[PDB]
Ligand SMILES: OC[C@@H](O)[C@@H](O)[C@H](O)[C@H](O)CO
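Given next, in structure tokens, is a single chain: the form deposited without the named molecule.
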């Protein structure tokens, strides 16, 4: 079965054969599309075919499919599974798997970078202090004084689900949120629940609008522990506008390194519940979502007042007008401080080229339109006009429940 996608701006038509190699389900049925739904302990029984599928992929990629090295590896894994109920990936396999997880990430516009990913193998880690050390090294390497480098740090895989390694932070670097008795929120509202946990675990909160949260680290199924990332290692950028001089007086800044820490990485049936990764920001993640979402810093009103827009009717598009200037400021600030960032035009254009290349060399590129299209200026980016097929390949990054909902407290 062949599937065609059309760009309605260029008339380019592409043919997907890659979806045929798809296992995991979508949420959709022939009777319903769930494409805008946000989120729609394993026996040796189901483990070997998953191992086999991965290893077959891996050996095809290195042009060794059916080799004695291929076969002996399958054999080796099969035995280790029946002997131990799990298995260990070679370093080469771990690296290949991590990259491909990113490559298969249908919601990620940044995938043109997928082959350049520094893999830090942290599978010898045993303690939270151990995890901290690893994470610090990740942040320093990835930050590279503003010349950002994509990296992932991979802690030991799940075993019985009772000894999980987890990073409790959703991102390695993120700002605290504090609920005030008057109902208002100080700092990042998205992080209120987590901030409370930290406080309850002993964190002494500065209680400001941009307090970098402590790391909360769980090793081997033990209770999590608090560590403060060395400030010298947290690269931040003050936000100013190139023409508006009052913009600095808004008091805004952001951190340079987006480093997602709460996902689960799946490689050949193996589950890596602690696998923080980092790249660099697309400008709109901050300028549109973090700053302008109503449930986030929500700065549109204050910006619009200072610009003196007509705020009495929405039909003045005062919101659209202010949203742009904020995004201009984010981009300007980062570039001025020589910290890696990409605008939504450059990133979407690069994605189209990537996606086209993937169709030619790979027979497809699964992609989630709802997530790929930027949260401002949608149709003036080329992805808006691009038909996309969404399906799930392995290796993959998966969501997992927040650890505080599941963690068995040792006390």
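Positions refer to the first chain, counted from 1.
Below, we refer to the form solved in complex with the named molecule, which is not included among the displayed structures.
Practice task
Tell me, yes or no, whether residue 78 is in contact with the named molecule in the deposited complex, where a contact means a heavy atom of each within 4.5 Å.
Solution key: Output for residue 78 is no: heavy atoms all beyond 4.5 Å of the named molecule.
Exercise for the section: Please check if residue 192 has a heavy atom lying within 4.5 Å of any heavy atom of the named molecule in the deposited complex. Expected result: Contact check for residue 192: yes, within 4.5 Å of the named molecule in the deposited complex.
Exercise for the section: Verify the contact flag for residue 73: yes if a non-hydrogen atom of it lies within 4.5 Å of a non-hydrogen atom of the named molecule in the deposited complex, no if not. Expected result: It does not: once the named molecule is placed as it appears in the deposited complex, residue 73 has no heavy atom within 4.5 Å of it.
Handout entry: Exercise: residue 222 in contact with the named molecule in the deposited complex, heavy atom 4.5 Å
Key = The answer is no: residue 222 has no heavy atom within 4.5 Å of the named molecule.
Exercise for the section: Pick the stretch from 201-209, 322-330, 166-174, 139-147 whose residues have a heavy atom within 4.5 Å of the named molecule in the deposited complex. Expected result: That would be stretch 166-174.
Exercise for the section: Could you list the residues in 257-278 that come within 4.5 Å of the named molecule in the deposited complex, counting only heavy atoms and keeping sequence order? Expected result: The one in contact is 262.
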